[PDB]
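Below, in structure tokens: the form deposited in one PDB entry, a single chain.
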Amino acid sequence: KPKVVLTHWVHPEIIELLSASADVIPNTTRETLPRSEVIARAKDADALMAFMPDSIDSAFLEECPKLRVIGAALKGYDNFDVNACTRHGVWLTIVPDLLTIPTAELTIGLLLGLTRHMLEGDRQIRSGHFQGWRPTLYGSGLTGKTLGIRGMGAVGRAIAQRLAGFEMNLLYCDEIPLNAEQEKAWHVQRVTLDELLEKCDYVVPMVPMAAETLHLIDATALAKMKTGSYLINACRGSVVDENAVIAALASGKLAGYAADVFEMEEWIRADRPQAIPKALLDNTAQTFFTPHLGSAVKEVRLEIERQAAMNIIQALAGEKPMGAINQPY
């Protein structure tokens, strides 16, 4: 039977699904193996299930000459050398984009946790000093306040659909406008970016991959927005300028920053740090963060895993995998 190496943890029903026809080497832990260990297990693997920390280049593929398919549990492939996979006879497949809705829900969670001081409220309960209502942790409400979504892709649309019930004044800017039926269903008004920043209490950058500009919010955009406003970032790491956020945090220009993504995360940008700034990390008062949980819901992660596994089973049986992005040999 063929051998499939899985670089990260999958749910056990996926293991049993692959084990009908392949010999499965699981990563039993929640950790990322080092490159030296991955190549060691896949030295003689017929298939490899790859995830976001994986990095497939010609050096990797030369050390794995038995490989016939790489099944990516990812919706894109920026970290693979696709043409090298082809040159070496390796199918390279992806899965559809299933992240849109769980990321809009977590963006909103981020919004509420930050503006309602829910972390420091949890900390005070986890002490012992709680003895009832107190005039503290007076936060900031959504109702009647104005919120702006910089981008209006599928995920920005997913937020607006969900914020619709919150009696807010939702502004959006985007080069292409929503259908007028969507604008009336979600009471969301289209404006410029000068307007959006000037007038918003909450700014959420949320642009589809197609409309890409790095550092979309910098100190230049921070100065333009309302004083004491809040910024929430779960789009991508490059979209926010972290050092300029820290500046507005200090000058009272920002009362809060929340983020599920960071610029350090990425390695295709040359100006990459590789730790999260200590300035945002010590400020537990004005910040709320989570470790790229944007898609960390079980139903979604399971469906992403099944589809890469199906991709893998299909290629091994000598079929064209439904998810191919290349045609090898």
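Just count from 1 along the sequence shown to find any residue number.
The mean C-alpha temperature factor is higher for 253-261 when 89-97 and 253-261 are set side by side. The PDB entry reports B-factors from which the mean C-alpha value can be compared for 106-114 and 236-244; the larger average falls on 236-244.
Note on the listed residues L74, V82, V207, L163: the highest Cα temperature factor in the record is that of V207. Note on the listed residues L231, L193, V155, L137: the highest Cα temperature factor in the record is that of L193. Sort the modelled residues of the chain by CA B factor and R301 lands in the lowest third.
Sort the modelled residues of the chain by CA B factor and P65 lands in the middle third. Ranked within its chain, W267 lands in the highest third, by CA B factor from the PDB record. Among the modelled residues of its chain, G128 has a C-alpha B-factor that falls in the highest third, as given in the PDB entry. Per the PDB record, residue ranking by Cα B-factor puts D54 in the middle third of the chain.
The form deposited in another entry is left out here; the points below concern that form.
The rigid-part assignment between this form and the one not shown places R68 and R134 apart.
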